[PDB]
Amino acid sequence: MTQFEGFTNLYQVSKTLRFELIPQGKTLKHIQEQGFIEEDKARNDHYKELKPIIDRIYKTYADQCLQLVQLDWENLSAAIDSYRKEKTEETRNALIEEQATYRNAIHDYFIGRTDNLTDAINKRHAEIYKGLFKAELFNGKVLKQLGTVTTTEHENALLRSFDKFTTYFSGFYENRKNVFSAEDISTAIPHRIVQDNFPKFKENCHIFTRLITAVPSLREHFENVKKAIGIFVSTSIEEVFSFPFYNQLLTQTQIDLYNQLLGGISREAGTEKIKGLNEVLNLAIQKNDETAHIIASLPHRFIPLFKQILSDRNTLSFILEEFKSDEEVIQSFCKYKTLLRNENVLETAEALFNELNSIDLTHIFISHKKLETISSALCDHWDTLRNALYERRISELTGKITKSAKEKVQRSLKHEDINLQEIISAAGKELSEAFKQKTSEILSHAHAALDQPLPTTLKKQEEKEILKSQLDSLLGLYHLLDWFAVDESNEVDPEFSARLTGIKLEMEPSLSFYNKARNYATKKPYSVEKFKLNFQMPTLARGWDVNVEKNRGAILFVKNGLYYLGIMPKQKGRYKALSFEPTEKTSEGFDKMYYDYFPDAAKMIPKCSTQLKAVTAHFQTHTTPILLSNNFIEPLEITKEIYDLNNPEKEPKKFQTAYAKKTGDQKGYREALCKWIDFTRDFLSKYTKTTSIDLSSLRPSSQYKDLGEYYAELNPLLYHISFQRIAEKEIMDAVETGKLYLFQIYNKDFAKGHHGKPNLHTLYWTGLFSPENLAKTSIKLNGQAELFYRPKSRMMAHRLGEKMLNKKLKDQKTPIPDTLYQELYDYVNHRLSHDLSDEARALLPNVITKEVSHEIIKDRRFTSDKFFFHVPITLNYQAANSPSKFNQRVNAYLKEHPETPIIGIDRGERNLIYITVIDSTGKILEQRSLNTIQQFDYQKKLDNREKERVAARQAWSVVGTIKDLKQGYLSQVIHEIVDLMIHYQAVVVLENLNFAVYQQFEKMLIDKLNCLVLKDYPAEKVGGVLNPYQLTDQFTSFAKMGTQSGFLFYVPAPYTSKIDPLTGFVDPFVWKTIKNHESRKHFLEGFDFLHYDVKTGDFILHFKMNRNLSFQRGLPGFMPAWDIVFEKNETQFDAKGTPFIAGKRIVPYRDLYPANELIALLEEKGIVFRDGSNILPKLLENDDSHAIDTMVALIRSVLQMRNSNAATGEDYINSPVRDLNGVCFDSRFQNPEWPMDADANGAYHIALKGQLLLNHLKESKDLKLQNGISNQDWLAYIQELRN
RNA sequence: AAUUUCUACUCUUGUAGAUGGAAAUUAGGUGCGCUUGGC
DNA sequence: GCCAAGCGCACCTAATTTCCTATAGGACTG
DNA sequence: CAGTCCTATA
Ligand SMILES: [Cl-]
Ligand code: NA
Ligand code: NA
Ligand code: NA
Ligand code: NA
Ligand code: NA
């Protein structure tokens, strides 16, 4: 039966290992003498220049084909609708099939197989497409059919720089196939049209139809937005939101226009933006009238389309010119500063503001658009000035002060500019004083800016800060001048207005200088990057096989446990085999690898037999057999039957499973499969490369059930490596003469002083070349290796005479906090310029300092030029390339192991990650926040790093990365989770994110469990390097992932945190529906009683679940009724003796004590309750709307079981119901058998949603997990278990 | 405070854990500036 | 001061595709 | 006209 250790050797996994390459002997001198590094840098530079030129071909061709597309989209829309309605596997599969059909229909325009075009056009497209993904791209023939474009002389020089080297673009061809492919892939244009943009466009049509049906006037508004923008001029707004127009939204220029219909168009900064549809809808909602509420109740925001793949974006909005150099910015700004001085702008501004002390302020106007900005800059609150003006005007109204009269005053404050005297009279003399202070500060900063000189360059950050500071000062004055109203309606002071307009006009360029300078100064400086090395060999290191060594130039050696890469360059422009000579193992020397590989037999056997041009040519005119002798030890016969099998008139091939699944005749399929497999055996027994391989471990051909099973057993037999000793002198002579470039393959596990555990990656590598792996392959060495040169990129070091400071004190567990660490480090190195702090001096006897005996240099690896080697490997080589039924295999194990524990992993409000481990019945075994791992607080560190990045962006300085810190943290989380998983043999349950540290964590955890090696395990045990665990399903993408990946499960987050762990109770009410006095009374009427319990001091509110249905979320759960309890507000104590108050609630924050507040309410009303009578009829019949609202708010508070206050550290769960045994749950007791806080409660119920999945898998007769967990099923399940 | 590279370290000229590269594309985010509005 | 809808710029981050090849074919060399 | 070696498979 199943075993946990059986989850091994289930599918192949590819990884890349990276190493430094240390040149040996005269290798580096020879490389330098030959100039290989400089010419590879040049070839990389030429590639970077040539790629955008070549992309003109792809972009022009795709755009020309897209302009011809015309499809009927109704069938795809219907398949989308049916899937959305039914949400079944059948309708999902139907939509998937429909998407494939639509992607293919787009694709037929690229390849010229569409009925919608003529034969002549289709043939031209086929001729073009046939040469788009190979070196024919460069001949320029394709240029003749795209337009009148020819290539310039410089373009011809770039093209010629890849003569006999176009396979440098081998990968690029694949990247471009990924653009045109009809497959279901996100890189491709058909996918982009069919699965990204059409659903968006289809939803916009629905949004439009609902909006203009409910509010027909929006039709005219929308049409007028289109006409004002001047786009789609001969298409009505209705047609823009109809399916046939989508055929006109496939090219980027059309997509750009559509998105600007939605989004509008901006001109220069400081001028009015042209509104799009979404802004019009937003403004309509913000009117807050009756129409606004109707619009807001409907979907009211259109969705912009994604870009077309590869296309260049264009905009109708204004684009600033850009500065190009330090001297352009500084000199241009310096000329502007001098103009401002010459124009006496500062002197005039000061004179104007000084005039305000003695001129008539009733003719000085403040812009009503600026009033809240000014209130914020001058007063306590943004609304101080608005409220003061409102109050003053109300006090000037004549007659009765009605509600409409008040509203009129309110609306007038939005519509009219305000004279300065009214503001001063409304707000008082301290507004005047604040006004004077702000003016002086602004003017004084602008003055100091004009007088201060600019730096010589912008190379140093301090120089950038001078520039930014002076720009901030002038922009401040620009903002200040814009406080004043400009409208000609206001009775403006004539001379004051003319002078203000003058200096405003002169201040206008400040805005453009500000934006242009920021756009330049925040650019990332020139950075050193590694580049690929070729040594003038176009096919360098693409394969290791003995037959390709001369042309690929790459070989491997082992000597005394150290590994070496050999590179063999051309000699005087010619390839020349080195022909190393095997010698006895008694001889001093190097072990050279001999690599023997016949790649993927599914393609290589047809390539070398049935698909030969001579075979294909022969079978067009003949039916007799053809015999092959080249590269065969005895002739290989190809019959018409064998040829026809691999070359059917129509797919699928008869020996593929698809022929059996469709045709349904298994006699034909099994015969064809046996005949093909027999043919491969015939081929392999004779082909030069494979004739010597012993294949007798394969089954008789008829016994294989499908071709994938056969190839999965065959391919492992087609790969072998071995070693032969090469004499020392032959290798050293080859390096001495420059015939061999020899590098040690290096990482620090090969350092002389190495003595600890190796990196996992070192273990993969030494495992690969171990005797056991040589005897039977678990790890294969793959071709397509790459070499890089990384120039030095850094210039901080601990020098010999100095001291270093351990981060941990003498006890080797207490870390020194950062500010203390810096102070102590400076102090022990006699660089502290002041007294040691009290706390630092207290720590001083318990620190550990190290004498620097050898220099330790920060970033040392980046301070010199280095060589690097990236080499792919495949682990679990004996398995198939993909698993079959991985999830069912896990579920078979889980059904035989019903005691499998469960690890629940939640993302918290105050915790990055929280884990709860439960046994199979739900008992908590462990629970832990992962904010801190080994006394390092990653939560604090990450929060501090993000604050630093925000401040850096604001200051125009270097933005420090955060992804490396995130990865470092997550690697520690992975280590802990996996260790728990292996120790407990547990399932892991995560939040299904459809319902960022957490999402990246999910991918890293899945990926680790695709191929899990534990470095302490013996190589031959499961989990050791030669037998990795495989506990998750093969990862493809997040989009292509269900709710189970092997031992990992995904569950919906709802009702996992705000749920009572003792009962499964949740707040059943939707509080938005309890909104006025009448609905509050109906709500109270739906409760059986509220009464006081003299025995305990609690109040009991009895609720039947079939009442108050209009106010419920529709989730009746399992229990027919609940006793909701107002707990007596008495002191309780947690496990450590810390007091808390029972029943306390934290509400919007203030502490609330509902039972005490209920008592106070009842005594205010004179309502007798200490006799146990029902309280609700008394409140209802008295009908005091304030008392009834208080009652309802108290009930809502009691039912808010999660209570949080970031200021106090509170985040607890206190249930409003008692459980089976009388207990009202409170996490503040800190009982370690139950959730210790709200986040732990979430992780607990996450795990239990996994338990529900496992229990239903138990009670079923199949191996299929249920897909998803509805909220009612979850609540009924957990409430039934707990009650 | 050393690294294939990342994070955390320093009994240890190095230690513990992690680490699938390269190319290509796309999406999103943060910050700043601005527009019209809401509070 | 916060927020909504939207535009411009700077840079940072993450997801998803492909390949992980010896040999057939034939253009270039001389 | 062969051997070499880049291109593009299957
Ligand atoms: Cl919840
Ligand atoms: Na180590
Ligand atoms: Na990559
Ligand atoms: Na932005
Ligand atoms: Na605004
Ligand atoms: Na904005």
# chains A, B, ... in the order shown; residues from 1 in each chain; ligands from 1

call {"tool": "select_by_dssp", "arguments": {"residues": "stretch 389-418 of chain A", "states": "helix (DSSP H, G or I)", "output": "list in words"}}
result
residues 389, 390, 391, 392, 393, 394, 403, 404, 405, 406, 407, 408, 409, 410, 411, 412, 413, 414 and 415 of chain A

call {"tool": "write_last_selection", "arguments": {"atoms": "C-alpha atoms", "output": "mmCIF file, in the first residue's frame"}}
result
data_model
loop_
_atom_site.group_PDB
_atom_site.id
_atom_site.type_symbol
_atom_site.label_atom_id
_atom_site.label_comp_id
_atom_site.auth_asym_id
_atom_site.auth_seq_id
_atom_site.Cartn_x
_atom_site.Cartn_y
_atom_site.Cartn_z
ATOM 1 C CA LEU A 389 -17.334 80.968 6.297
ATOM 2 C CA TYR A 390 -20.430 78.778 6.573
ATOM 3 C CA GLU A 391 -21.037 79.891 10.166
ATOM 4 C CA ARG A 392 -20.537 83.580 9.349
ATOM 5 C CA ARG A 393 -22.900 83.504 6.380
ATOM 6 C CA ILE A 394 -25.556 81.606 8.353
ATOM 7 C CA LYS A 403 -32.759 73.581 6.016
ATOM 8 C CA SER A 404 -32.915 74.785 2.411
ATOM 9 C CA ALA A 405 -31.466 78.145 3.463
ATOM 10 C CA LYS A 406 -28.545 76.299 5.079
ATOM 11 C CA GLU A 407 -28.016 74.138 1.985
ATOM 12 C CA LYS A 408 -28.013 77.260 -0.213
ATOM 13 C CA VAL A 409 -25.163 78.730 1.843
ATOM 14 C CA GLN A 410 -23.304 75.418 1.535
ATOM 15 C CA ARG A 411 -23.641 75.310 -2.239
ATOM 16 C CA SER A 412 -22.526 78.939 -2.530
ATOM 17 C CA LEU A 413 -19.166 78.077 -0.956
ATOM 18 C CA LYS A 414 -18.446 75.682 -3.852
ATOM 19 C CA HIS A 415 -19.381 78.153 -6.609
#

call {"tool": "residues_around", "arguments": {"residues": "residue D:7", "least_positions_apart": "6", "cutoff": "12 Å", "atoms": "only C-alpha atoms (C1' of nucleotides)", "output": "ChimeraX atom specification"}}
result
/A:133-136,163-170,538-539 /C:23-27

call {"tool": "write_last_selection", "arguments": {"atoms": "N, CA and C atoms (P, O5', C5', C4', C3', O3' and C1' of nucleotides)", "output": "PDB file, in the first residue's frame"}}
result
ATOM      1  N   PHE A 133      10.888  33.232 -38.655  1.00  0.00           N
ATOM      2  CA  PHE A 133      11.497  32.719 -37.434  1.00  0.00           C
ATOM      3  C   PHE A 133      12.790  31.975 -37.733  1.00  0.00           C
ATOM      4  N   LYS A 134      13.525  32.442 -38.735  1.00  0.00           N
ATOM      5  CA  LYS A 134      14.837  31.899 -39.065  1.00  0.00           C
ATOM      6  C   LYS A 134      15.633  33.004 -39.752  1.00  0.00           C
ATOM      7  N   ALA A 135      16.821  32.654 -40.246  1.00  0.00           N
ATOM      8  CA  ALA A 135      17.746  33.644 -40.779  1.00  0.00           C
ATOM      9  C   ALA A 135      17.219  34.365 -42.017  1.00  0.00           C
ATOM     10  N   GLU A 136      16.189  33.837 -42.696  1.00  0.00           N
ATOM     11  CA  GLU A 136      15.549  34.576 -43.788  1.00  0.00           C
ATOM     12  C   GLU A 136      15.054  35.954 -43.353  1.00  0.00           C
ATOM     13  N   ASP A 163      27.194  37.841 -39.856  1.00  0.00           N
ATOM     14  CA  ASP A 163      27.465  36.845 -40.887  1.00  0.00           C
ATOM     15  C   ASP A 163      28.068  35.594 -40.252  1.00  0.00           C
ATOM     16  N   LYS A 164      27.559  34.425 -40.647  1.00  0.00           N
ATOM     17  CA  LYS A 164      27.969  33.135 -40.089  1.00  0.00           C
ATOM     18  C   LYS A 164      27.732  33.069 -38.583  1.00  0.00           C
ATOM     19  N   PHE A 165      26.823  33.919 -38.082  1.00  0.00           N
ATOM     20  CA  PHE A 165      26.554  34.014 -36.651  1.00  0.00           C
ATOM     21  C   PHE A 165      25.082  34.311 -36.369  1.00  0.00           C
ATOM     22  N   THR A 166      24.170  34.029 -37.300  1.00  0.00           N
ATOM     23  CA  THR A 166      22.772  34.374 -37.065  1.00  0.00           C
ATOM     24  C   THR A 166      22.132  33.510 -35.993  1.00  0.00           C
ATOM     25  N   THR A 167      22.724  32.353 -35.669  1.00  0.00           N
ATOM     26  CA  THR A 167      22.162  31.536 -34.594  1.00  0.00           C
ATOM     27  C   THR A 167      22.348  32.164 -33.213  1.00  0.00           C
ATOM     28  N   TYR A 168      23.073  33.282 -33.103  1.00  0.00           N
ATOM     29  CA  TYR A 168      22.988  34.101 -31.894  1.00  0.00           C
ATOM     30  C   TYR A 168      21.547  34.518 -31.611  1.00  0.00           C
ATOM     31  N   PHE A 169      20.696  34.541 -32.641  1.00  0.00           N
ATOM     32  CA  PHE A 169      19.274  34.840 -32.517  1.00  0.00           C
ATOM     33  C   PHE A 169      18.403  33.590 -32.334  1.00  0.00           C
ATOM     34  N   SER A 170      19.008  32.410 -32.108  1.00  0.00           N
ATOM     35  CA  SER A 170      18.234  31.177 -31.918  1.00  0.00           C
ATOM     36  C   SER A 170      17.134  31.348 -30.884  1.00  0.00           C
ATOM     37  N   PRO A 538      29.740  30.259 -32.821  1.00  0.00           N
ATOM     38  CA  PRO A 538      28.288  30.490 -32.747  1.00  0.00           C
ATOM     39  C   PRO A 538      27.561  29.423 -31.971  1.00  0.00           C
ATOM     40  N   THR A 539      28.123  28.220 -31.849  1.00  0.00           N
ATOM     41  CA  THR A 539      27.414  27.123 -31.214  1.00  0.00           C
ATOM     42  C   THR A 539      28.077  26.722 -29.896  1.00  0.00           C
TER      43      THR A 539
ATOM     44  P    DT C  23      24.663  12.373 -33.434  1.00  0.00           P
ATOM     45  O5'  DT C  23      23.831  13.121 -34.580  1.00  0.00           O
ATOM     46  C5'  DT C  23      22.446  12.829 -34.732  1.00  0.00           C
ATOM     47  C4'  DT C  23      21.871  13.524 -35.952  1.00  0.00           C
ATOM     48  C3'  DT C  23      22.679  13.374 -37.243  1.00  0.00           C
ATOM     49  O3'  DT C  23      21.758  13.346 -38.311  1.00  0.00           O
ATOM     50  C1'  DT C  23      22.401  15.629 -36.794  1.00  0.00           C
ATOM     51  P    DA C  24      22.009  12.478 -39.625  1.00  0.00           P
ATOM     52  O5'  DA C  24      20.978  13.119 -40.670  1.00  0.00           O
ATOM     53  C5'  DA C  24      19.623  13.286 -40.302  1.00  0.00           C
ATOM     54  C4'  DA C  24      19.020  14.484 -41.018  1.00  0.00           C
ATOM     55  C3'  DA C  24      19.315  14.564 -42.512  1.00  0.00           C
ATOM     56  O3'  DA C  24      18.198  15.146 -43.153  1.00  0.00           O
ATOM     57  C1'  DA C  24      20.207  16.465 -41.435  1.00  0.00           C
ATOM     58  P    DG C  25      18.063  15.119 -44.749  1.00  0.00           P
ATOM     59  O5'  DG C  25      18.621  16.546 -45.168  1.00  0.00           O
ATOM     60  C5'  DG C  25      17.965  17.695 -44.692  1.00  0.00           C
ATOM     61  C4'  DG C  25      18.729  18.938 -45.079  1.00  0.00           C
ATOM     62  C3'  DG C  25      19.328  18.926 -46.492  1.00  0.00           C
ATOM     63  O3'  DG C  25      18.833  20.040 -47.204  1.00  0.00           O
ATOM     64  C1'  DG C  25      20.882  19.727 -44.900  1.00  0.00           C
ATOM     65  P    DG C  26      19.024  20.145 -48.790  1.00  0.00           P
ATOM     66  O5'  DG C  26      19.998  21.396 -48.960  1.00  0.00           O
ATOM     67  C5'  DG C  26      19.839  22.534 -48.126  1.00  0.00           C
ATOM     68  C4'  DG C  26      21.147  23.279 -47.996  1.00  0.00           C
ATOM     69  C3'  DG C  26      21.964  23.397 -49.300  1.00  0.00           C
ATOM     70  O3'  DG C  26      22.553  24.677 -49.380  1.00  0.00           O
ATOM     71  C1'  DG C  26      23.289  22.570 -47.617  1.00  0.00           C
ATOM     72  P    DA C  27      22.183  25.689 -50.567  1.00  0.00           P
ATOM     73  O5'  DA C  27      22.850  27.055 -50.079  1.00  0.00           O
ATOM     74  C5'  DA C  27      22.699  27.468 -48.724  1.00  0.00           C
ATOM     75  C4'  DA C  27      23.934  28.208 -48.223  1.00  0.00           C
ATOM     76  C3'  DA C  27      24.769  28.916 -49.283  1.00  0.00           C
ATOM     77  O3'  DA C  27      25.403  30.050 -48.696  1.00  0.00           O
ATOM     78  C1'  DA C  27      26.046  27.180 -48.312  1.00  0.00           C
TER      79       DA C  27
END

call {"tool": "residues_around", "arguments": {"residues": "residue A:1185", "least_positions_apart": "2", "cutoff": "9 Å", "atoms": "only C-alpha atoms (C1' of nucleotides)", "output": "list in words"}}
result
residues 1077, 1080, 1081, 1183, 1187, 1188, 1189 and 1190 of chain A

call {"tool": "residues_near_ligand", "arguments": {"ligand": "ligand 5", "cutoff": "9 Å", "atoms": "only C-alpha atoms (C1' of nucleotides) and all ligand atoms", "output": "list in words"}}
result
residues 369 of chain A; 35, 36 and 37 of chain B

call {"tool": "residues_around", "arguments": {"residues": "residue A:206", "least_positions_apart": "6", "cutoff": "10 Å", "atoms": "only C-alpha atoms (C1' of nucleotides)", "output": "list in words"}}
result
residues 241, 242, 299 and 302 of chain A

call {"tool": "write_last_selection", "arguments": {"atoms": "N, CA, C and O atoms", "output": "mmCIF file, in the first residue's frame"}}
result
data_model
loop_
_atom_site.group_PDB
_atom_site.id
_atom_site.type_symbol
_atom_site.label_atom_id
_atom_site.label_comp_id
_atom_site.auth_asym_id
_atom_site.auth_seq_id
_atom_site.Cartn_x
_atom_site.Cartn_y
_atom_site.Cartn_z
ATOM 1 N N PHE A 241 -19.863 50.396 -28.484
ATOM 2 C CA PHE A 241 -20.136 49.385 -27.469
ATOM 3 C C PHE A 241 -20.986 48.253 -28.047
ATOM 4 O O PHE A 241 -21.957 47.810 -27.427
ATOM 5 N N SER A 242 -20.616 47.786 -29.242
ATOM 6 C CA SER A 242 -21.242 46.632 -29.865
ATOM 7 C C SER A 242 -20.165 45.712 -30.418
ATOM 8 O O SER A 242 -19.111 46.161 -30.883
ATOM 9 N N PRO A 299 -22.594 49.084 -12.166
ATOM 10 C CA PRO A 299 -21.193 49.140 -12.600
ATOM 11 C C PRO A 299 -20.978 50.434 -13.368
ATOM 12 O O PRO A 299 -21.735 50.763 -14.281
ATOM 13 N N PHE A 302 -15.566 51.888 -16.930
ATOM 14 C CA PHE A 302 -15.216 51.064 -18.077
ATOM 15 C C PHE A 302 -13.783 50.555 -17.947
ATOM 16 O O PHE A 302 -12.937 51.181 -17.312
#

call {"tool": "residues_around", "arguments": {"residues": "residue B:21", "least_positions_apart": "2", "cutoff": "8 Å", "atoms": "only C-alpha atoms (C1' of nucleotides)", "output": "compact mmCIF listing (two decimals) with C-alpha atoms, in the first residue's frame"}}
result
# COMPACT_ATOMS: atom_id res chain seq x y z
CA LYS A 15 17.29 23.53 -12.64
CA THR A 16 20.21 25.82 -13.49
CA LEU A 17 23.38 25.85 -11.39
CA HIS A 870 25.44 28.60 -15.93
CA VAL A 871 24.64 24.96 -16.57
CA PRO A 872 21.25 23.25 -16.54

call {"tool": "interface_residues", "arguments": {"of": "chain D", "to": "chain A", "cutoff": "12 Å", "atoms": "only C-alpha atoms (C1' of nucleotides)", "output": "list in words"}}
result
residues 4, 5, 6, 7, 8, 9 and 10 of chain D

call {"tool": "closest_atom_pairs", "arguments": {"of": "chain A", "to": "chain B", "cutoff": "6 Å", "atoms": "only C-alpha atoms (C1' of nucleotides)", "output": "Markdown table"}}
result
| residue | atom | partner | partner_atom | distance |
| --- | --- | --- | --- | --- |
| A:15 | CA | B:20 | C1' | 4.4 |
| A:16 | CA | B:20 | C1' | 4.7 |
| A:18 | CA | B:4 | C1' | 4.5 |
| A:19 | CA | B:4 | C1' | 4.2 |
| A:20 | CA | B:4 | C1' | 5.8 |
| A:175 | CA | B:24 | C1' | 4.9 |
| A:187 | CA | B:25 | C1' | 5.6 |
| A:269 | CA | B:34 | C1' | 4.9 |
| A:270 | CA | B:34 | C1' | 5.7 |
| A:272 | CA | B:35 | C1' | 5.2 |
| A:273 | CA | B:35 | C1' | 4.9 |
| A:286 | CA | B:38 | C1' | 5.6 |
| A:856 | CA | B:2 | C1' | 5.6 |
| A:953 | CA | B:31 | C1' | 5.3 |
| A:964 | CA | B:6 | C1' | 5.9 |
| A:968 | CA | B:7 | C1' | 3.6 |
| A:971 | CA | B:18 | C1' | 4.7 |

call {"tool": "write_last_selection", "arguments": {"atoms": "N, CA and C atoms", "output": "PDB file, in the first residue's frame"}}
result
ATOM      1  N   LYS A  15      16.765  22.404 -13.400  1.00  0.00           N
ATOM      2  CA  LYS A  15      17.290  23.533 -12.636  1.00  0.00           C
ATOM      3  C   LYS A  15      18.580  24.004 -13.292  1.00  0.00           C
ATOM      4  N   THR A  16      18.921  25.267 -13.067  1.00  0.00           N
ATOM      5  CA  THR A  16      20.206  25.816 -13.494  1.00  0.00           C
ATOM      6  C   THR A  16      21.100  26.000 -12.278  1.00  0.00           C
ATOM      7  N   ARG A  18      24.790  27.787 -11.043  1.00  0.00           N
ATOM      8  CA  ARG A  18      25.665  28.885 -11.417  1.00  0.00           C
ATOM      9  C   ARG A  18      26.965  28.762 -10.646  1.00  0.00           C
ATOM     10  N   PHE A  19      28.084  28.981 -11.334  1.00  0.00           N
ATOM     11  CA  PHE A  19      29.397  28.895 -10.709  1.00  0.00           C
ATOM     12  C   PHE A  19      30.295  30.014 -11.221  1.00  0.00           C
ATOM     13  N   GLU A  20      31.265  30.396 -10.407  1.00  0.00           N
ATOM     14  CA  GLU A  20      32.353  31.201 -10.941  1.00  0.00           C
ATOM     15  C   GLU A  20      33.322  30.301 -11.708  1.00  0.00           C
ATOM     16  N   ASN A 175      11.270  33.397 -28.951  1.00  0.00           N
ATOM     17  CA  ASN A 175      10.504  34.461 -28.310  1.00  0.00           C
ATOM     18  C   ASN A 175       9.474  35.043 -29.267  1.00  0.00           C
ATOM     19  N   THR A 187       2.039  35.154 -23.924  1.00  0.00           N
ATOM     20  CA  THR A 187       2.931  35.923 -24.785  1.00  0.00           C
ATOM     21  C   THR A 187       2.329  36.244 -26.148  1.00  0.00           C
ATOM     22  N   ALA A 269       0.974  70.543 -18.003  1.00  0.00           N
ATOM     23  CA  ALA A 269       0.661  70.624 -16.585  1.00  0.00           C
ATOM     24  C   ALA A 269       0.151  72.022 -16.234  1.00  0.00           C
ATOM     25  N   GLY A 270      -0.931  72.074 -15.459  1.00  0.00           N
ATOM     26  CA  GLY A 270      -1.527  73.327 -15.041  1.00  0.00           C
ATOM     27  C   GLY A 270      -2.667  73.821 -15.908  1.00  0.00           C
ATOM     28  N   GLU A 272      -6.425  72.603 -18.134  1.00  0.00           N
ATOM     29  CA  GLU A 272      -7.536  71.687 -17.903  1.00  0.00           C
ATOM     30  C   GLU A 272      -7.401  70.420 -18.746  1.00  0.00           C
ATOM     31  N   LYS A 273      -7.596  69.269 -18.107  1.00  0.00           N
ATOM     32  CA  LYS A 273      -7.569  67.994 -18.808  1.00  0.00           C
ATOM     33  C   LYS A 273      -8.908  67.728 -19.494  1.00  0.00           C
ATOM     34  N   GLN A 286     -20.227  61.993  -7.929  1.00  0.00           N
ATOM     35  CA  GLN A 286     -19.852  62.901  -6.857  1.00  0.00           C
ATOM     36  C   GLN A 286     -20.817  64.070  -6.693  1.00  0.00           C
ATOM     37  N   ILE A 856      38.376  41.859   5.302  1.00  0.00           N
ATOM     38  CA  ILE A 856      37.064  41.367   4.908  1.00  0.00           C
ATOM     39  C   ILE A 856      36.332  42.534   4.270  1.00  0.00           C
ATOM     40  N   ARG A 953      12.534  57.809  -3.029  1.00  0.00           N
ATOM     41  CA  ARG A 953      11.818  58.307  -4.201  1.00  0.00           C
ATOM     42  C   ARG A 953      11.450  59.773  -4.031  1.00  0.00           C
ATOM     43  N   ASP A 964      15.226  41.423  -2.681  1.00  0.00           N
ATOM     44  CA  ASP A 964      16.242  40.510  -2.141  1.00  0.00           C
ATOM     45  C   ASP A 964      15.997  40.239  -0.664  1.00  0.00           C
ATOM     46  N   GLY A 968      15.147  36.620   0.926  1.00  0.00           N
ATOM     47  CA  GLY A 968      15.859  36.114   2.091  1.00  0.00           C
ATOM     48  C   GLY A 968      14.918  35.675   3.197  1.00  0.00           C
ATOM     49  N   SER A 971      12.960  32.481   2.135  1.00  0.00           N
ATOM     50  CA  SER A 971      13.731  31.245   2.152  1.00  0.00           C
ATOM     51  C   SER A 971      13.733  30.642   3.552  1.00  0.00           C
TER      52      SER A 971
END

call {"tool": "interface_residues", "arguments": {"of": "chain A", "to": "chain C", "cutoff": "8 Å", "atoms": "only C-alpha atoms (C1' of nucleotides)", "output": "VMD selection string"}}
result
chain A and resid 171 174 to 175 178 185 to 187 263 to 266 273 275 to 276 278 to 283 317 to 320 376 381 to 382 515 518 to 520 522 to 524 542 to 543 545 547 to 548 597 to 599 607 to 608 612 782 to 785 872 959 961 963 1037

call {"tool": "residues_near_ligand", "arguments": {"ligand": "ligand 1", "cutoff": "8 Å", "atoms": "only C-alpha atoms (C1' of nucleotides) and all ligand atoms", "output": "PyMOL selection string"}}
result
chain A and resi 1053-1059+1242

call {"tool": "write_last_selection", "arguments": {"atoms": "C-alpha atoms", "output": "compact mmCIF listing (two decimals), in the first residue's frame"}}
result
# COMPACT_ATOMS: atom_id res chain seq x y z
CA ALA A 1053 -10.47 32.82 2.99
CA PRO A 1054 -14.04 33.90 3.99
CA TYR A 1055 -15.21 32.91 7.49
CA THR A 1056 -11.80 31.81 8.74
CA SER A 1057 -10.92 34.76 11.03
CA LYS A 1058 -14.26 36.12 12.29
CA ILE A 1059 -15.51 32.73 13.45
CA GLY A 1242 -7.48 32.45 10.71

call {"tool": "residues_around", "arguments": {"residues": "residue A:447", "least_positions_apart": "6", "cutoff": "12 Å", "atoms": "only C-alpha atoms (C1' of nucleotides)", "output": "ChimeraX atom specification"}}
result
/A:337,340-341,344-347,349-350,440-441,453,470-471,473-474,476-477

call {"tool": "residues_near_ligand", "arguments": {"ligand": "ligand 2", "cutoff": "9 Å", "atoms": "only C-alpha atoms (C1' of nucleotides) and all ligand atoms", "output": "number ranges by chain"}}
result
A: 748-749, 754-759; B: 14-16
